[PDB]
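Reading through the structure tokens given below for one structure.
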Amino acid sequence: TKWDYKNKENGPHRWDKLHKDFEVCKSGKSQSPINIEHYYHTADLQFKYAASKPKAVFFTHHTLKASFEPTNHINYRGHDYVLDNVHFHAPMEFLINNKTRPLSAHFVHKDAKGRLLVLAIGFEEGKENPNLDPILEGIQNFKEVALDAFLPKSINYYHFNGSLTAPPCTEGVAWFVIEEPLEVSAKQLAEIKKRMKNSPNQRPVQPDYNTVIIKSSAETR
Amino acid sequence: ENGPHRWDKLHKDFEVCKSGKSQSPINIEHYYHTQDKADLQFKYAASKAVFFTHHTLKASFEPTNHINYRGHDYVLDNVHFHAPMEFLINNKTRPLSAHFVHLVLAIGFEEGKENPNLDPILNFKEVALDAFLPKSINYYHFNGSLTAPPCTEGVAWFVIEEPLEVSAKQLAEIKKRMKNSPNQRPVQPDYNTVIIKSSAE
Ligand SMILES: NS(=O)(=O)c1nnc(NS(=O)(=O)c2ccccc2)s1
Ligand SMILES: NS(=O)(=O)c1nnc(NS(=O)(=O)c2ccccc2)s1
Ligand SMILES: [Cl-]
Ligand SMILES: [Cl-]
Ligand SMILES: [Zn+2]
Ligand SMILES: [Zn+2]
């Protein structure tokens, strides 16, 4: 009944076989992740993050995750989408014109009506990322998460309609995928891939039906 | 006992009318503007089957006319009508719309000067399909669904903002071929549809 990553029937091809809830994992017409390659060039995104000690930092459902009480928000089209948690994927699930990065993080948001907004940004092999240390460094009175420092000040982003990359693979997801990589050290990566128990948590690319993707740019602060 | 809030209970086949997260029609009210950039091309031709079905008038033909979008070939199948127009562009009322089923192309009709392109509808007539669409068009494009059951998702919708013109008698006359009953699906919940704005010849 427990779902997972690799080849065996408890696999990617067969999420839908695992539960009737995960049917859309097969039946859905806007499933993510995908390889983002045809888009239109052309913003109404606004940021309310604050430095916060997590509510919980825990590995759950195959992934490392940090949760927060809802003090942090994202504003889209005059609507506020509140941050509930932040989790990690390795390697990066969404591909930008065939572009994997060893790590990505996903900011999960919901609005008043319960509509979903999710932010993805990839990581590069590079200098050490300090914003990572409160998550790994510390397990227990929790340590600050640099939410205001986490994201680039300036970003190019892709916006499109897709789906959840983990069950129930729910559609109607507002996806924002930042083109700008953040940078992480190599042992932070090894340690964190080992803390995600070193089994790749990258959902294979989903079918593409000429999704409308836009590319844009914003200030996050 | 055969209604819209209820399409999903009529069949298990039709649940996506309710479970769907990208259902049409909806209100086109937030959009993105963009340049002369696209791929959309029209190979319509004057073409000479007509029948009333499922609340709707529809004319279908042989696979002779097709459209180019992003390098994919889409063959036109039929044209059918909705009154009043289902999709809304900035709350834009419209007495009549038409759906070019291929990717579906919608364009509304307004009361005014008679549309000569409508009369062959009101051995079949030549239809001036080549005369039917504006040579210059502005449209809204996004991914949506069929507006009638089974409400299939994955539909490349293109909504041209430019109105065509209908007489009142023409306006009245085919509602009767639709049995004077409105075949307009209410606006569905929207989950931040990405809409792009552009224009084509
Ligand atoms: N990979 S993905 O699409 O961002 C996610 N898949 N499942 C998730 N579960 S979750 O982040 O804990 C969550 C939390 C609140 C509402 C909905 C989902 S996020
Ligand atoms: N109103 S809408 O979105 O254009 C449609 N909804 N259902 C349709 N079915 S149909 O017109 O009979 C048809 C005809 C040929 C191929 C596919 C579908 S069209
Ligand atoms: Cl990602
Ligand atoms: Cl319409
Ligand atoms: Zn995720
Ligand atoms: Zn229609």
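Read-outs: derived from the displayed coordinates by stated rules, not from any lab. Counting neighbours? That spans all protein chains shown, and the Cβs are built from the backbone with ideal geometry, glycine included.
For the residues A:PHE58, A:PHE22, A:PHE123, what sequence is obtained by ranking on other C-beta atoms within 10 Å, fewest first?
Details: A:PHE58 14, A:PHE22 20, A:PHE123 25.
Going from least to most buried by this count: A:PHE58, A:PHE22, A:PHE123.
Determine the shielding of peptide B:183-193 by partner chains: average, over its residues, the number of Cβ atoms on other chains within 10 angstrom of each Cβ. All intermediate terms of the calculation are to be shown ahead of the outcome.
Numbers: counts 0, 0, 0, 0, 0, 0, 3, 3, 11, 15, 4.
Across B:183-193, the average partner-chain Cβ count within 10 Å equals 3.
Can you pick out the pairs among A:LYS110/B:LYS21; A:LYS2/A:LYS26; A:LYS20/A:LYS215 whose Cα atoms lie more than 24 Å from each other?
Numbers: A:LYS110/B:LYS21 15 Å; A:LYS2/A:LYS26 18 Å; A:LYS20/A:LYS215 35 Å.
Pairs exceeding 24 Å: A:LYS20/A:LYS215.
May I ask you to work out the translational diffusion coefficient for the protein assembly as shown at 37 °C, viscosity 0.692 mPa s, via Stokes-Einstein with Rh from the Kirkwood sum over Cα pairs, reported in whole µm²/s?
139
With the crude spin-label approximation of a point 7 Å out along Cα→Cβ, what separation in nm comes out for B:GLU162 versus B:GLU29?
Going by the 7 Å Cα→Cβ label model, 2.8 nm.
For a label point 7 angstrom out from the Cα of A:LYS143 toward its Cβ, which stretches of the range A:41-84 have the backbone nitrogen within less than 20 Å?
A:50-60, A:64-69
Would you grab the residues whose amide H sits under 5 Å from the one on A:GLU124? Only those 5+ places off in sequence or on another chain, please, with H modelled 1.01 Å from N.
So A:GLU124 has HN proximity to A:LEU182, A:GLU183, A:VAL184.
What does the charge count around B:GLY108 come to, taking other residues whose C-beta lies under 12 Å from its C-beta (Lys +1, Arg +1, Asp -1, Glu -1)?
Values: positive: B:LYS92, B:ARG94; negative: B:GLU86, B:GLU110, B:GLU111, B:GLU161, B:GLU162, B:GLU165.
Counting the neighbours of B:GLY108, the net charge comes to -4.
Could you list which residues have their amide H under 5 Å from that of A:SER32, counting only those 5 or more apart in sequence or on another chain, with H placed in the peptide plane?
For A:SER32, the qualifying residues are A:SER163, A:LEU164.
Run the dipole for the range B:119-197 about the Cα centre, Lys and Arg Cβ at +1, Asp and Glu Cβ at -1, nothing else charged, and hand back the magnitude in debye, nearest 20.
Working: 9 positive and 9 negative charges, 72 e Å.
So the magnitude is around 340 debye.
For A:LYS55, list the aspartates and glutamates whose Cα falls under 12 Å from its own Cα; do not include residues on the same chain fewer than 8 positions away.
List returned: A:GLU69, A:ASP84, A:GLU144.
How big is the range A:84-180 in terms of Cα radius of gyration and Dmax, in angstroms?
Considering the range A:84-180 through its Cα atoms, Rg and Dmax are 14.2, 42 Å.
How do B:80-87, B:106-113 rank on mean C-beta neighbours within 10 Å, highest first?
So the peptides B:80-87, B:106-113, ranked by packing, come out B:80-87, B:106-113.
What is the extension gain from A:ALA56 to A:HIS79, computed as 0.36 nm multiplied by their sequence separation minus the C-alpha to C-alpha distance, in nm to one decimal? Intermediate results must be reported in sequence, preceding the final value.
Values: separation 23, 0.36 × 23 = 8.28 nm, distance 2.62 nm.
Difference between extended and current length: 5.7 nm.
Work out from phi, with θ = phi - 60° and the Karplus expression 6.51 cos²θ - 1.76 cosθ + 1.60, the ³J(HN,Hα) of each residue of the range A:213-221, listed in order in whole Hz, and give x for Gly and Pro.
Once θ is set to phi - 60°, the couplings for the range A:213-221 become 10, 10, 10, 8, 9, 8, 9, 9, 6 Hz.
I want to make sure I understand the PRE zone here: with the label point 7 angstrom from the Cα of B:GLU15 toward its beta carbon, which residues in the range B:136-152 have backbone N atoms less than 19 Å away?
Hits in the range B:136-152 for B:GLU15 at 19 Å: B:146, B:149-152.
What FRET efficiency, computed as 1/(1 + (r/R0)^6) with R0 = 41 Å and r the Cβ-Cβ distance, is obtained for B:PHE124 and A:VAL205, rounded to the nearest 0.05?
Working: r = 46 Å, r/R0 = 1.12.
About 0.35, to the nearest 0.05.
Would you tell me the mean number of C-beta atoms belonging to other protein chains that fall within 10 Å of each C-beta in B:27-35, as a whole number? All intermediate terms of the calculation are to be shown ahead of the outcome.
Details: counts 0, 0, 1, 4, 1, 9, 2, 4, 3.
That works out to 3 on average.
Work out the length of the dipole vector of chain B about its Cα centre, built from +1 on the beta-carbon of each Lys and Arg and -1 on the beta-carbon of each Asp and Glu, and round it to the nearest 20 debye. Intermediate results must be reported in sequence, preceding the final value.
Values: 22 positive and 24 negative charges, 95 e Å.
That gives a dipole near 460 debye.
Each label point is 7 Å from the Cα along the Cα-to-Cβ direction; what then is the distance between the points at A:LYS2 and A:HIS38, in nm?
Each label point is offset 7 Å from its Cα along the Cβ direction, giving 4.2 nm.
Could you tell me the largest-minus-smallest coordinate of the C-alpha atoms of chain A on each of the three principal axes, in descending order and whole angstroms?
Result for chain A: principal-axis Cα extents of 41, 40, 34 Å.
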